[PDB]
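One structure below.
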Amino acid sequence: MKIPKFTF
Amino acid sequence: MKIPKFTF
Amino acid sequence: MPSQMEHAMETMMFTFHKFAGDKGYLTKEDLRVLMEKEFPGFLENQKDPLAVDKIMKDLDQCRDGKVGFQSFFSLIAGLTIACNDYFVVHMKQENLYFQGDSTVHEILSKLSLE
Amino acid sequence: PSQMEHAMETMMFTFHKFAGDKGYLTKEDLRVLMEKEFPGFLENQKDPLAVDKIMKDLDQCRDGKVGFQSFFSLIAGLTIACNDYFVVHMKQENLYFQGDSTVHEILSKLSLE
């Protein structure tokens, strides 16, 4: 499963 | 992501 | 008498089907509506009007305009895993108590798509 | 009071409740987590090694420790399977299922491949 990356 | 496989 | 985890899973299942409807998948517009209701702050907070289009593009198993459940789940994985990392870095050491119906909303406002 | 944001909090805080300060789950922590959060599930498996097998199949799981993304891949695997089951047997079908929890019911129909 590919997962989108969110950053902070 | 690897995902465990469950069946039915 | 479902456990907390069982109810959370059910929430995610049923949320997908609510916006997917009978065709059983989400269009981009479906996903936009889903996100505006279920992650109220989120899209608009992004400084990018193509945010949903970019997200749609980066969702596993998602290639001809259609977002299936597995693809929908990868979105939730990305968001939650990023929320967790923020929580671990910035919040966990700092309090024993955390507000329900509040903390993930607060953390989502700190996130931007890569 | 978004239901999705609530569900995410549940998943995050469930992991940390059982992982504690060390910030990961052991095999024993996972067993205790599953016993409470998926009541009946392991016992329904006909297998005293079901948890050991599950761990083996988790993502980024290699040294006896289950981190959060690993934990999430467990939830993903169970939820995706429940959804396939639901779509096939409960959604269009038509329904009149009167249980309190459809996910509890579907979980009693799953096993690991």
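We name chains A, B, ... following the order of the structure tokens; residues begin at 1 in each chain, and ligands are numbered from 1 as shown.
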
What's around residue 8 (chain A) at 8 Å? Count only C-alpha atoms, leave out sequence neighbours fewer than 2 positions away in its own chain, and write the answer as a ChimeraX atom specification. /A:6 /C:86,110-112

Would you give me, as a PDB file with N, CA, C and O atoms, in the first residue's frame, the residues of chain C that come within 7 Å of chain D, using only C-alpha atoms?
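Written output follows (out_14.pdb):
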```
ATOM      1  N   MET C   1     -22.598  -2.552  21.775  1.00  0.00           N
ATOM      2  CA  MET C   1     -21.423  -3.062  22.441  1.00  0.00           C
ATOM      3  C   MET C   1     -20.233  -3.293  21.516  1.00  0.00           C
ATOM      4  O   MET C   1     -19.494  -4.220  21.687  1.00  0.00           O
ATOM      5  N   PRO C   2     -20.026  -2.455  20.545  1.00  0.00           N
ATOM      6  CA  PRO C   2     -18.779  -2.564  19.808  1.00  0.00           C
ATOM      7  C   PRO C   2     -17.672  -1.895  20.579  1.00  0.00           C
ATOM      8  O   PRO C   2     -17.935  -0.911  21.196  1.00  0.00           O
ATOM      9  N   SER C   3     -16.456  -2.402  20.519  1.00  0.00           N
ATOM     10  CA  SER C   3     -15.322  -1.724  21.081  1.00  0.00           C
ATOM     11  C   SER C   3     -15.089  -0.390  20.390  1.00  0.00           C
ATOM     12  O   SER C   3     -15.688  -0.103  19.388  1.00  0.00           O
ATOM     13  N   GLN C   4     -14.212   0.411  20.957  1.00  0.00           N
ATOM     14  CA  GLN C   4     -13.871   1.677  20.324  1.00  0.00           C
ATOM     15  C   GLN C   4     -13.258   1.465  18.963  1.00  0.00           C
ATOM     16  O   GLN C   4     -13.556   2.218  18.009  1.00  0.00           O
ATOM     17  N   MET C   5     -12.352   0.489  18.848  1.00  0.00           N
ATOM     18  CA  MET C   5     -11.728   0.230  17.535  1.00  0.00           C
ATOM     19  C   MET C   5     -12.741  -0.259  16.510  1.00  0.00           C
ATOM     20  O   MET C   5     -12.682   0.134  15.357  1.00  0.00           O
ATOM     21  N   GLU C   6     -13.670  -1.120  16.913  1.00  0.00           N
ATOM     22  CA  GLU C   6     -14.642  -1.658  15.972  1.00  0.00           C
ATOM     23  C   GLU C   6     -15.528  -0.523  15.411  1.00  0.00           C
ATOM     24  O   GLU C   6     -15.877  -0.493  14.220  1.00  0.00           O
ATOM     25  N   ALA C   8     -14.698   2.711  15.272  1.00  0.00           N
ATOM     26  CA  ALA C   8     -13.834   3.541  14.414  1.00  0.00           C
ATOM     27  C   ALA C   8     -13.740   2.958  13.001  1.00  0.00           C
ATOM     28  O   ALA C   8     -13.865   3.672  12.014  1.00  0.00           O
ATOM     29  N   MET C   9     -13.500   1.657  12.904  1.00  0.00           N
ATOM     30  CA  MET C   9     -13.474   0.966  11.616  1.00  0.00           C
ATOM     31  C   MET C   9     -14.779   1.106  10.879  1.00  0.00           C
ATOM     32  O   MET C   9     -14.795   1.338   9.675  1.00  0.00           O
ATOM     33  N   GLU C  10     -15.881   0.905  11.591  1.00  0.00           N
ATOM     34  CA  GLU C  10     -17.203   1.036  10.999  1.00  0.00           C
ATOM     35  C   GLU C  10     -17.428   2.447  10.467  1.00  0.00           C
ATOM     36  O   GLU C  10     -18.007   2.642   9.393  1.00  0.00           O
ATOM     37  N   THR C  11     -16.956   3.435  11.212  1.00  0.00           N
ATOM     38  CA  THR C  11     -17.058   4.824  10.802  1.00  0.00           C
ATOM     39  C   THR C  11     -16.386   5.047   9.452  1.00  0.00           C
ATOM     40  O   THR C  11     -16.928   5.721   8.565  1.00  0.00           O
ATOM     41  N   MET C  12     -15.191   4.502   9.305  1.00  0.00           N
ATOM     42  CA  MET C  12     -14.431   4.670   8.085  1.00  0.00           C
ATOM     43  C   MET C  12     -15.060   3.943   6.908  1.00  0.00           C
ATOM     44  O   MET C  12     -15.144   4.497   5.819  1.00  0.00           O
ATOM     45  N   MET C  13     -15.545   2.730   7.133  1.00  0.00           N
ATOM     46  CA  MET C  13     -16.278   1.985   6.117  1.00  0.00           C
ATOM     47  C   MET C  13     -17.473   2.770   5.626  1.00  0.00           C
ATOM     48  O   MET C  13     -17.663   2.986   4.426  1.00  0.00           O
ATOM     49  N   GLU C  38     -15.683  15.929   6.475  1.00  0.00           N
ATOM     50  CA  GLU C  38     -14.974  15.101   7.474  1.00  0.00           C
ATOM     51  C   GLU C  38     -13.630  15.634   7.985  1.00  0.00           C
ATOM     52  O   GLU C  38     -13.175  15.243   9.069  1.00  0.00           O
ATOM     53  N   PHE C  39     -13.002  16.521   7.215  1.00  0.00           N
ATOM     54  CA  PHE C  39     -11.794  17.213   7.675  1.00  0.00           C
ATOM     55  C   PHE C  39     -11.952  18.710   7.488  1.00  0.00           C
ATOM     56  O   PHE C  39     -11.172  19.344   6.752  1.00  0.00           O
ATOM     57  N   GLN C  70      -9.704   0.817  -0.700  1.00  0.00           N
ATOM     58  CA  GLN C  70      -8.297   0.642  -0.363  1.00  0.00           C
ATOM     59  C   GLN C  70      -7.539   1.945  -0.583  1.00  0.00           C
ATOM     60  O   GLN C  70      -6.711   2.340   0.238  1.00  0.00           O
ATOM     61  N   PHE C  73      -8.514   4.333   2.073  1.00  0.00           N
ATOM     62  CA  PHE C  73      -7.823   3.986   3.296  1.00  0.00           C
ATOM     63  C   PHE C  73      -6.366   4.459   3.314  1.00  0.00           C
ATOM     64  O   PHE C  73      -5.835   4.780   4.381  1.00  0.00           O
ATOM     65  N   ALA C  77      -4.524   6.530   6.119  1.00  0.00           N
ATOM     66  CA  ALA C  77      -3.232   6.086   6.688  1.00  0.00           C
ATOM     67  C   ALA C  77      -2.228   7.294   6.702  1.00  0.00           C
ATOM     68  O   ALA C  77      -1.611   7.609   7.722  1.00  0.00           O
ATOM     69  N   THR C  80      -3.252   9.951   9.311  1.00  0.00           N
ATOM     70  CA  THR C  80      -3.178   9.532  10.711  1.00  0.00           C
ATOM     71  C   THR C  80      -1.747   9.307  11.123  1.00  0.00           C
ATOM     72  O   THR C  80      -1.341   9.603  12.257  1.00  0.00           O
ATOM     73  N   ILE C  81      -0.970   8.740  10.222  1.00  0.00           N
ATOM     74  CA  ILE C  81       0.419   8.440  10.546  1.00  0.00           C
ATOM     75  C   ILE C  81       1.143   9.763  10.737  1.00  0.00           C
ATOM     76  O   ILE C  81       1.921   9.924  11.656  1.00  0.00           O
ATOM     77  N   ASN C  84       0.154  11.209  14.011  1.00  0.00           N
ATOM     78  CA  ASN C  84       0.794  10.521  15.125  1.00  0.00           C
ATOM     79  C   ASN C  84       2.202  11.036  15.324  1.00  0.00           C
ATOM     80  O   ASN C  84       2.668  11.233  16.456  1.00  0.00           O
ATOM     81  N   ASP C 101     -12.350  14.644  20.274  1.00  0.00           N
ATOM     82  CA  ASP C 101     -13.068  15.494  19.342  1.00  0.00           C
ATOM     83  C   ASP C 101     -12.367  16.815  19.170  1.00  0.00           C
ATOM     84  O   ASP C 101     -12.933  17.768  18.580  1.00  0.00           O
ATOM     85  N   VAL C 104      -7.034  15.601  17.040  1.00  0.00           N
ATOM     86  CA  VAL C 104      -6.675  15.320  15.662  1.00  0.00           C
ATOM     87  C   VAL C 104      -7.080  16.480  14.764  1.00  0.00           C
ATOM     88  O   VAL C 104      -6.390  16.816  13.805  1.00  0.00           O
ATOM     89  N   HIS C 105      -8.183  17.128  15.094  1.00  0.00           N
ATOM     90  CA  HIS C 105      -8.558  18.330  14.338  1.00  0.00           C
ATOM     91  C   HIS C 105      -7.440  19.357  14.461  1.00  0.00           C
ATOM     92  O   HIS C 105      -7.058  20.015  13.477  1.00  0.00           O
TER      93      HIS C 105
END
```

Once you count only C-alpha atoms, what closest atom pair and distance in Å to one decimal does each residue of chain B within 12 Å of chain C have, with rows by chain and rising residue number, as JSON lines?
```
{"residue": "B:1", "atom": "CA", "partner": "C:74", "partner_atom": "CA", "distance": 9.0}
{"residue": "B:2", "atom": "CA", "partner": "C:74", "partner_atom": "CA", "distance": 11.4}
{"residue": "B:3", "atom": "CA", "partner": "C:70", "partner_atom": "CA", "distance": 10.5}
```

Pick out the closest residue to chain A from this set: D:93, D:35, D:59, D:52. Count only C-alpha atoms.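 Under the stated criterion, the closest residue is D:59.
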
Could you pull out all residues of chain D with a DSSP call of alpha helix (DSSP H) and give them as a ChimeraX atom specification? /D:3-19,27-37,41-44,50-56,68-86,102-107
